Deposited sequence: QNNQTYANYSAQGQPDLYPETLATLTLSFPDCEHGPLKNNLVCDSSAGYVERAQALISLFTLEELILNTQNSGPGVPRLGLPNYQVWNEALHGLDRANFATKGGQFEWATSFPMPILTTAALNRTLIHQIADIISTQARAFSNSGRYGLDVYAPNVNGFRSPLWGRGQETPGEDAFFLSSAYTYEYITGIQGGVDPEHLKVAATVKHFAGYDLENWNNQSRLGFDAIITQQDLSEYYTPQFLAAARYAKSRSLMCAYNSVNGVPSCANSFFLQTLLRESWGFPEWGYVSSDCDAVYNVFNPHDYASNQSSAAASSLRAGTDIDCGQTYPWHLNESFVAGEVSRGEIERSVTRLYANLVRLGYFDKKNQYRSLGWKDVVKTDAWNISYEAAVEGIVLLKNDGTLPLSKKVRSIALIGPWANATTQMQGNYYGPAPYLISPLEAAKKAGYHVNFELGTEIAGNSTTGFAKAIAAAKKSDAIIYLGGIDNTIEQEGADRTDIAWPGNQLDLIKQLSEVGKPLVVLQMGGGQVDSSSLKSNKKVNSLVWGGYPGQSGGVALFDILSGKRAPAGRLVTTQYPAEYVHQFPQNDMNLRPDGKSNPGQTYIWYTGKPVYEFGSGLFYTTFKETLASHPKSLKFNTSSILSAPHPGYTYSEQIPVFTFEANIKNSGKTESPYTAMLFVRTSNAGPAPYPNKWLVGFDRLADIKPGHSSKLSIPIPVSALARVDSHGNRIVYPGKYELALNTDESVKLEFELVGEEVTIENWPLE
């Protein structure tokens, strides 16, 4: 929009936003005791939140309403109503806050691992706690004028194509179960429960819907025209948004840049009204924000509206309330003149925003969250949940016993482009951290003598650094190589063009494997890279996926490597062979194989051979898993369901297994539980799909713990060609983990039961 020369938004991965959209405002609170609003109902803390917002909006001029439909809302100075910023980031810690540059207070916020790594922990309680800490820190900043009260998080699109520049931001490739679980825990942590009266921070689940590429084949996200079947929309592209609106009761949602089936998401009433509000029960006074600036893109480049004013009117009437951008505040005035919008329509959207702000305590100085301050940031940071999340999520992919490092390992050759990682560890959407502990610093802190060499860049073809790296390996007891990908490889606005290791890293690794020393390789980054040559090289003793491990990443990594902590992470995406992305267009949105070039996408449908499967992870001990059936689903749905708000949450039954530590090392345990059928519902039948996961506390040698994974009705439903969610009679089989240590067949009997009627059109 703010391009100085010709810009082709069909190709260009980044928008040209106005400085107004991008501005860092100084925030404050209305003075409800003494300011111009003191006798208006909005300042009456005993009045209802809607009535309060309505009384406030009645005081605005039309121009003031229109100007306050943008993310950088100017407020209304004459009313003592401050500017308020809707655009705040919280993906894995606060970002876009007005951070102080000196003086101690507000110089930083906790930098958690990227969500891709946190999710690998398979710990729901962990995700909820991170979100609770993020929202506490958000409130502390808000109370000093340095951050807003709603956040553009979580990013929950499925990580479908493995080259997506932003898959690092997500809970992985399993949109239905794993992503939806993250969605619920995160949103309830941000908001302070399930739609509490006193909202803590408003979540903004994103990006709705069909967005999962930046610019593959030079087709920018900004003008991307996704073609998606109703079945896939229901089954893969939206179930996490159902979970956000229905279960978590997200107060906000962000519509995506792309069109789906010809209609830009922010101008898509089928999405924003029919699905979101009518089908999934998104709060009546919840509000939708556009992406920055998806409303502009309705016009340029989608050409769904012929100008900015018509783009603004179309979006507003479709159900987009707030524009992250300048299209609303600078062109809805023309819409009103042209008769395309009413003042009622504009008032509804601003009232929606302000109704949330009332719920958030924006007008109530005695609100329970208005007293959190800098010491709350300091205290919650000191809990070290960022460290805990990385330690829990790190994934052991290959091991022969080299890990954990024996006490006979005194010196290490620490080599590679991640070896001294600081800012690399933070991924993207990060603010300043209290500290950044590199693997190098942590290795020295752990007692090892460290021979450190860069070896090679992430993406070089210079071999300049190889000789010193090999020399160091020769001098040391063990070799720890840290490399892989980072945000120079995968980022917003620019997808990867391949899913191989970048540069000449694999060459250096191969040469290190020929020195005759123990070799541990750490593959870092959010997307996966093809480690087939490492899997197959006997001289690569260990392989760890370490993601983006946050502020304490170095210590998390080395605590695992030294065995101070024992790993239990499992992969949350498939590690595909490199050729996969060349086999078929990555913007084919169809999940299922098509008997042509599309081999099936994600672990659910892929017909090829992953290098490492979704769900892969090893332990420092061995576990002996043992089991500890006909179900009529119409009957199961006939019973009361105390403890469950929605009937589709009721367990059909609970899978129970005994998990015995049959090895010598105390270790936590993780499990993914998958189900298969070859006769229930429509063909083709998937490989399998995830229906449950859990993580169990440390199990000592010789000890056992019960794994209990309920199998909810919703998890057994399949999706028909119309998008309806139906539980079908037939034969099913559960399998515990990628190693399928336990299997359990069961039958569903009786009639088909409808769980969701997918609305037409």
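- If you line the structure up with the deposited chain, just one stretch is without a C-alpha atom: 629 to 633.
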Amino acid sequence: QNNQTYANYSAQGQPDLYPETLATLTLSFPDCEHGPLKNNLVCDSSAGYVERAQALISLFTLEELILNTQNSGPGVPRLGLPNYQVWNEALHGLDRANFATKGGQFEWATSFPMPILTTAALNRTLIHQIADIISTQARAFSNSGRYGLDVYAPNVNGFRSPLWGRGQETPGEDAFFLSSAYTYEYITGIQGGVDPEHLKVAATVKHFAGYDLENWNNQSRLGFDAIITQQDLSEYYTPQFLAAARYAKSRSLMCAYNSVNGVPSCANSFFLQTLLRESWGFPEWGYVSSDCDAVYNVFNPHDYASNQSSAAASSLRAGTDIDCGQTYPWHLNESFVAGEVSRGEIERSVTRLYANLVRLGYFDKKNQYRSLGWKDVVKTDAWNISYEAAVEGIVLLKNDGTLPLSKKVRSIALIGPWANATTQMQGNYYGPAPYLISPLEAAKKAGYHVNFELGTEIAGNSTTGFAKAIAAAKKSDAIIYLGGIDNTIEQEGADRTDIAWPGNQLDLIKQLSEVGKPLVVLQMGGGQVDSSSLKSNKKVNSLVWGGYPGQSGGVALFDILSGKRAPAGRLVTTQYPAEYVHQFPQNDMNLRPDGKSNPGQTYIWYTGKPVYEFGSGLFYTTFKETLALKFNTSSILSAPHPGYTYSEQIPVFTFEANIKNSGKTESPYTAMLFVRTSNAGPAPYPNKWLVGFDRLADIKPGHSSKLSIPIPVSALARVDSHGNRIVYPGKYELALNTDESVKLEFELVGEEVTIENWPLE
From here on, numbers count along this sequence of modelled residues.
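- For the two regions 476 to 484 and 137 to 145, the entry's Cα B-factors average higher over 476 to 484.
- Of the two segments, 43 to 51 and 65 to 73, the one listed with the higher mean B-factor is 43 to 51 (C-alpha atoms only).
- Across the options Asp150, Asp498, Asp530, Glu392, the residue with the most elevated CA B-factor in the record is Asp498.
- In the deposited coordinates, the residue among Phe177, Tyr429, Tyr304, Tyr257 with the greatest CA B-factor is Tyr304.
- When the modelled residues of the chain are ordered by their C-alpha B factor, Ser462 lands in the highest third.
- Per the PDB record, residue ranking by Cα B-factor puts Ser58 in the lowest third of the chain.
- Remark: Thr26 belongs to the highest third of its chain, ranked by C-alpha B-factor as recorded.
- The deposited CA B-factor of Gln586 belongs to the middle third of values across its chain.
- Among all modelled residues in its chain, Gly730 ranks in the middle third by Cα B-factor.
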